[PDB]
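Asks: Structure below; questions to follow.
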Amino acid sequence: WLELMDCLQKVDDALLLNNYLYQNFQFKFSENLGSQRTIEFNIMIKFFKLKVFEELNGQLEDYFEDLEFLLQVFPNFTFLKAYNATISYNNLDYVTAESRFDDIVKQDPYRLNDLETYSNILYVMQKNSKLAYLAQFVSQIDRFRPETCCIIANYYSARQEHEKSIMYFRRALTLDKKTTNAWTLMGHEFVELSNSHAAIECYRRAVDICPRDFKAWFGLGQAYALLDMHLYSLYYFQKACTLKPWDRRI
Amino acid sequence: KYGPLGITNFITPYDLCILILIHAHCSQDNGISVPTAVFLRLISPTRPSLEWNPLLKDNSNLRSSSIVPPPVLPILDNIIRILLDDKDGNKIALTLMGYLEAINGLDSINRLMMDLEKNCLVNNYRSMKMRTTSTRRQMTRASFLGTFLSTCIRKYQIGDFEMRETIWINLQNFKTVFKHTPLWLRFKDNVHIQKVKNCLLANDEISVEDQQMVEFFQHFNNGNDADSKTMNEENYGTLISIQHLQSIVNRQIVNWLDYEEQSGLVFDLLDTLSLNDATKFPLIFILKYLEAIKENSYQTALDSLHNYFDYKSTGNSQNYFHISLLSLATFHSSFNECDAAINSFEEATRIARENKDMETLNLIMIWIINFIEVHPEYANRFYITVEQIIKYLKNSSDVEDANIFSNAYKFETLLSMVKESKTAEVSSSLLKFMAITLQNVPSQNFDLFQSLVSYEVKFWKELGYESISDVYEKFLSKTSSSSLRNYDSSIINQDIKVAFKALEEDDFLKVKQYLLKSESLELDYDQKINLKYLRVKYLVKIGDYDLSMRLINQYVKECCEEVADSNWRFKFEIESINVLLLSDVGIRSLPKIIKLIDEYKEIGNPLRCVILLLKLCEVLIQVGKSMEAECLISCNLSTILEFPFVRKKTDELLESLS
Amino acid sequence: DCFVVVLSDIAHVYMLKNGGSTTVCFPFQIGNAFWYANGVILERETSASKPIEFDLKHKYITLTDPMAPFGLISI
Amino acid sequence: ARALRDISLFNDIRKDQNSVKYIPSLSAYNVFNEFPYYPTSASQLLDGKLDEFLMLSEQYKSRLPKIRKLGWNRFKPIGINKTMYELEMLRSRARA
């Protein structure tokens with residue numbers, strides 16, 4: 001299902017294929033067990049709805065009633081709760097999400113799968129003391145997951161050691177090149193080091209990997225804005241306007 | 001010969017080919033000395049560093065005084081074609097071909113490299129004379145080949161075994177590509193290959209047991225295709241160093257801007273970058289930009305420019321932010337945006353002040369008038385008047401300027417002409433700029449040299465001596481145009497001269513169709529006036545003068561307020577004079593003609609003085625007082641035949657008098 | 001005097017007479033767009049797949065200039 | 001770049017009338033030690049652009065003796081309380 005996820009690019013194609021799974025799609029009832037080949041009582045068709053409609057942030061449909069249906073069947077599923085916690089994070093709802101993730105840590109202490117968002121939240125939160133809790137704890141597990149090298153980078157950034165924290169971000173990206181979110185964080189720590197030149201290419205790579213990155217455009221627009229190039233930055237800010245028109249800050 | 005391209009900081013397979021050649025030359029066992037022209041075409045592109053600013057500077061040093069062959073792509077097919085041309089080049093070509101066959105293993109590669117460092121390359125000349133016992137030629141480090149081989153030696157000891165395997169996997173890939181080529185069929189058997197191959201293959205120390213299984217190691221790795229091949233990571237088809245890529249790109253853009261090259265091969269290969277070498281090689285972005293302008297794509301030009309100026313600024317420690325805007329300012333002026341270019345330029349001034357560096361201010365000032373030269377209508381909008389710059393740059397310094405004074409005086413000459421100053425001053429001002437431009441190298445400063453020709457041709461044409469203009473126009477370059485002024489401006493300029501000729505040959509249909517294009521084209525000011533002047537002349541020929549008369553006055557009235565162009569004011573005024581006298585009423589123009597006569601008598605431009613004389617003669621003959629007109633024309637007939645293009649009018653009036 | 005091109009959900013508006021470029025988004029997908037005096041009329045994409053479903057309550061958007069908010073038709 | 005003085009004419013007339021801070025780039029930053037590379041000489045900066053080949057050339061040159069210079073200083077065998085760094089300093093004084 002994932003490799004079928006990555007091939008999808010836009011929401012309209014999500015609706016294109018979603019219909020195909022409904023009208024002209026059926027499972028081999030011989031191989032599958034009974035009471036399962038039904039599309040309405042399937043599971044990854046439901047798990048389909050939860051992942052694709054929200055990772056791409058597409059228009060939700062047949063999404064609610066499936067959601068609580070999965071909570072009833074899978075009350076103890078760690079992956080579901082983190083995704084459910086992720087949904088609160090994606091809606092800029094940080095207090096509720098913190099409660100959601102806190103169950104994950106207590107229930108599942110060893111999961112370097114979605115805690116990148118947790119440390120991302122905690123950085124916004126402050127409580128460097130709580131952040132120093134995670135960095136010591138997460139690094140103790142192993143230092144080869146993509147997340148564990150971004151968890152610690154946040155803690156080092158909060159303490160104003162950018163020249164060290166900058167290195168960990170590059171380490172975190174090297175392990176898994178798909179984590180493009182580290183690129184913008186890479187550039188930010190350059191800005192606080194008063195090396196604007198090094199910063200500009202940094203955000204720039206982030207938008208080559210995927211043009212539809214609101215964060216990358218905004219971070220690059222700022223770096224020119226810090227300099228007296230008010231107009232040379234108008235293009236970057238202008239480009240970012242299309243991505244999230246519905247923001248007061250931009 | 002095509003394939004994926006990747007930048008490599010290691011020994012490219014192309015590099016070994018030179019190392020193949022240098023081995024034969026220094027060995028002196030075969031008596032084969034590779035011609036010097038061959039080396040200078042191969043090694044020289046690998047020589048590092050040229051630099052090329054995007055705009056704001058054109059071929060200020062890139063142009064070679066001697067025309068050089070294009071750099072060679074790293075394919076055996078292209079390399080062999082260089083040696084193949086000679087009648088005895090087959091012997092040299094086979095020498096390379098045999099060595100590539102003898103080198104069947106990574107160890108054999110090492111045998112070549114160990115041989116050169118131990119014996120061929122030597123630290124210095126002082127040990128040449130003591131090494132007269134050497135049977136092979138010895139190399140000095142500082143020499144042309146010596147410095148290259150030192151770099152190649154460095155690039156081999158620089159890496160681990162991981163890089164050496166990539167050399168051999170790529171070379172065999174590189175060698176086998178030439179195998180399925182028509183030329184290889186032409187060289188399937190050449191007997192000399194076996195002779196040269198056996199020369200170095202000797203002393204193998206085993207031929208019965210290891211060679212049975214040595215082949216097995218080679219073949220098993222190779223794609224024998226008997227079974228499924230051993231699975232290995234995808235390997236690039238071609239490897240080039242950064243410096244080699246610099247030469248091929250620079251030559252391509254220069255060739256594009258204005259021994260055969262392979263445009264398709266270069267372009268195809270440049271499209272397969274892993275997007276990381278593009279960061280290491282920012283110039284790939286601008287190569288699309290120059291291509292982008294050719295087809296007049298707006299957004300595709302912009303992103304490329306922004307792409308280029310983001311990677312360049314970070315890579316170079318010096319602040320080039322003050323340079324990015326000017327290029328963007330040029331780009332806007334390229335699409336006649338003009339006003340948007342104005343805003344772009346102002347913040348460039350502020351940035352220059354913060355850097356607090358003097359040398360960049362000269363660059364920013366020189367761009368000002370270059371922009372205003374194209375668009376003189378914008379002079380009032382700048383925060384500095386044009387005359388302030390000329391006064392400033394004339395006394396800028398006495399050293400570290402070189403080209404500034406050459407730039408400085410030409411602007412004064414243009415202003416002096418437009419201000420219709422006395423010819424004595426204009427001649428002197430152009431004299432200064434002519435002397436300073438020619439004193440230094442004119443070939444290298446191709447832009448200013450062309451500008452000199454344009455001014456001089458224009459200057460002497462205004463005086464009415466086409467004979468002088470005829471000599472200089474042969475030096476004017478066509479289709480070259482200039483930077484920051486569109487890309488089809490040359491096409492438009494050539495077309496206008498066609499329309500004027502068409503008007504002379506009474507081809508009213510063609511010129512009529514062109515005026516339709518006029519009202520919806522984006523044109524430069526100098527172009528705009530010509531078409532504006534073209535329309536009024538066309539309307540005169542048709543016969544309708546009520547429209548033209550209302551049209552000519554609007555032009556000249558706006559030819560004195562918006563732009564203080566006196567020369568174009570004169571040309572429009574006399575057209576109105578023609579319109580009046582042609583309609584049997586030129587008496588109204590008597591106040592207008594006289595006020596110009598005495599005015600231009602002081603100026604002393606004979607062409608101006610003579611033309612008004614003919615108009616004065618023509619009005620006097622449509623009155624019925626041709627008697628005195630004949631008397632006046634008789635006394636001045638001597639001095640009016642000096643100007644060619646008025647002779648046709650002058651001659652025609654003569655039969656009228658008879 | 002601006003030249004406008006309409007994508008599926010994004011409109012690019014390039015100043016030709018004077019000025020630079022602007023770009024605007026839209027609340028939902030657009031089937032087609034029709035020019036009218038001082039603005040554009042945009043009709044929603046009806047169906048895509050092969051089920052055929054469509055909306056009828058409101059599918060037309062009126063905009064005068066890119067910066068101002070859209071308007072709703074009246075019938 | 002004749003500077004108006006390389007011109008023989010104007011240079012003749014003048015005689016008669018008389019009567020860079022460095023900042024790191026991304027590629028400079030490596031992954032292992034957070035200290036960025038600092039170029040040793042202006043030759044390694046190519047028109048202000050750090051040549052990547054020269055950078056890695058110096059890096060290889062620094063590490064190559066590092067394996068050889070390992071046993072210096074801290075390492076001490078057992079049964080010899082005196083590390084080898086001073087084995088050669090006493091050896092130097094022995095002949096000298």
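A note on labels: chains of the structure tokens are A, B, ... as shown, every chain counts residues from 1, and ligands are counted from 1 in their shown order.
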Against stretch 62-84 of chain B, which residues of stretch 419-509 of chain B fall within 10 Å? For each one I want the closest pair of atoms and the distance in Å (one decimal), counting only C-alpha atoms, rows by chain and increasing residue number, as JSON lines.
Replies:
```
{"residue": "B:443", "atom": "CA", "partner": "B:65", "partner_atom": "CA", "distance": 8.1}
{"residue": "B:444", "atom": "CA", "partner": "B:63", "partner_atom": "CA", "distance": 6.5}
{"residue": "B:445", "atom": "CA", "partner": "B:63", "partner_atom": "CA", "distance": 9.4}
{"residue": "B:446", "atom": "CA", "partner": "B:63", "partner_atom": "CA", "distance": 9.3}
```
Asks: Selection from above, C-alpha atoms, as a PDB file, in the first residue's frame, can you write it?
Replies:
```pdb
ATOM      1  CA  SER B 443      39.335  42.751 -30.061  1.00  0.00           C
ATOM      2  CA  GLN B 444      38.956  41.730 -26.424  1.00  0.00           C
ATOM      3  CA  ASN B 445      36.558  44.609 -25.635  1.00  0.00           C
ATOM      4  CA  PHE B 446      34.202  43.574 -28.403  1.00  0.00           C
TER       5      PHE B 446
END
```
Asks: Write out as a short mmCIF file (atom, residue, chain, number, x, y, z; two decimals) with C-alpha atoms, in the first residue's frame every residue belonging to chain B that has an atom at most 10 Å from any atom of chain A, counting only C-alpha atoms.
Replies:
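As written to disk, result.cif reads:
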```cif
data_model
loop_
_atom_site.label_atom_id
_atom_site.label_comp_id
_atom_site.auth_asym_id
_atom_site.auth_seq_id
_atom_site.Cartn_x
_atom_site.Cartn_y
_atom_site.Cartn_z
CA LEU B 275 20.93 17.68 -9.21
CA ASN B 276 23.80 17.64 -6.72
CA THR B 279 24.83 22.60 -6.91
CA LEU B 302 13.08 33.93 -14.19
CA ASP B 303 13.35 30.75 -12.13
CA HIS B 306 16.94 32.91 -9.40
CA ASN B 307 18.33 29.38 -9.44
CA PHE B 309 22.07 33.41 -8.14
CA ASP B 310 21.21 31.31 -5.09
CA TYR B 311 23.96 28.70 -5.49
CA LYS B 312 26.58 31.18 -6.68
CA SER B 313 26.24 33.59 -3.76
CA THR B 314 26.68 30.88 -1.13
CA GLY B 315 29.64 29.27 -2.88
CA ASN B 316 31.63 32.49 -3.22
CA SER B 317 32.57 34.21 0.05
CA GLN B 318 32.56 37.75 -1.36
CA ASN B 319 29.19 39.46 -1.31
CA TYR B 320 27.57 39.14 -4.74
CA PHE B 321 24.10 40.09 -3.54
CA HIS B 322 24.81 43.55 -4.94
CA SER B 324 22.18 39.67 -8.31
CA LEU B 325 19.76 42.58 -8.67
CA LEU B 328 17.64 40.70 -12.62
CA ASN B 343 12.58 49.41 -8.76
CA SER B 344 15.01 46.49 -8.97
CA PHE B 345 17.93 48.85 -9.47
CA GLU B 346 17.30 51.23 -6.56
CA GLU B 347 17.79 48.63 -3.83
CA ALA B 348 21.06 47.67 -5.53
CA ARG B 350 21.53 50.70 -0.98
CA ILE B 351 23.21 47.31 -0.83
CA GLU B 354 26.45 48.74 3.19
#
```
Asks: Please list as a PyMOL selection string every residue within 12 Å of residue D:75, counting only C-alpha atoms and excluding residues in the same chain fewer than 5 positions away.
Replies: chain D and resi 69-70+80-86
Asks: With 9 Å as the limit and counting only C-alpha atoms, what residues in chain B lie close to chain C? Please list them as a PDB file with N, CA, C and O atoms, in the first residue's frame.
Replies:
```pdb
ATOM      1  N   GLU B 337      10.262  45.527 -19.599  1.00  0.00           N
ATOM      2  CA  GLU B 337       9.512  45.834 -18.389  1.00  0.00           C
ATOM      3  C   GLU B 337       9.833  47.233 -17.890  1.00  0.00           C
ATOM      4  O   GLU B 337       8.941  47.959 -17.438  1.00  0.00           O
ATOM      5  N   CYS B 338      11.108  47.611 -17.934  1.00  0.00           N
ATOM      6  CA  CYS B 338      11.521  48.993 -17.733  1.00  0.00           C
ATOM      7  C   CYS B 338      11.210  49.463 -16.320  1.00  0.00           C
ATOM      8  O   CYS B 338      12.112  49.584 -15.485  1.00  0.00           O
ATOM      9  N   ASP B 339       9.931  49.723 -16.046  1.00  0.00           N
ATOM     10  CA  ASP B 339       9.548  50.270 -14.749  1.00  0.00           C
ATOM     11  C   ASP B 339       9.867  49.300 -13.622  1.00  0.00           C
ATOM     12  O   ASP B 339      10.393  49.701 -12.578  1.00  0.00           O
ATOM     13  N   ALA B 340       9.556  48.018 -13.812  1.00  0.00           N
ATOM     14  CA  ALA B 340       9.930  47.027 -12.813  1.00  0.00           C
ATOM     15  C   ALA B 340      11.441  46.945 -12.665  1.00  0.00           C
ATOM     16  O   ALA B 340      11.947  46.757 -11.553  1.00  0.00           O
TER      17      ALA B 340
END
```
Asks: At what distance in Å, to one decimal, does atom CA of residue B:286 lie from atom CA of residue B:308?
Replies: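 Straight-line distance from atom CA of residue B:308 to atom CA of residue B:286 works out to 6.1 Å.
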Asks: Using only C-alpha atoms, determine which residues lie at most 10 Å from stretch 48-65 of chain A, disregarding the query and same-chain residues fewer than 6 positions distant; provide the list as a PyMOL selection string.
Replies: (chain A and resi 1-2+5-6+8-12+14-15+18+80+83-84+86-87+90) or (chain C and resi 28)
Asks: Within 10 Å of residue A:218, counting only C-alpha atoms, which residues qualify if same-chain residues fewer than 5 places away don't, as an MDAnalysis selection string?
Replies: chainID A and resid 184 203 213 223 233 236:241 250
Asks: Just list the residues in stretch 24-91 of chain D DSSP gives strand (DSSP E or B) on the backbone, as a list in words.
Replies: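 For stretch 24-91 of chain D, the strand (DSSP E or B) set is residues 45, 46, 49 and 50 of chain D.
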Asks: I'd like to know which of A:76, A:181, A:128, A:222 is closest to residue A:107, using only C-alpha atoms.
Replies: A:76
Asks: I'd like the contact shell of stretch 547-551 of chain B - 8 Å cut-off, only C-alpha atoms, skipping same-chain residues fewer than 6 positions apart - returned as a VMD selection string.
Replies: chain B and resid 536 539 to 540 576 579
Asks: Restricting it to C-alpha atoms, dump the selection as a compact mmCIF listing (two decimals), in the first residue's frame.
Replies:
```txt
# COMPACT_ATOMS: atom_id res chain seq x y z
CA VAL B 536 4.86 59.39 -41.32
CA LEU B 539 1.54 58.33 -45.12
CA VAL B 540 3.17 61.03 -47.24
CA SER B 576 6.39 68.60 -42.12
CA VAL B 579 4.12 67.99 -46.46
```
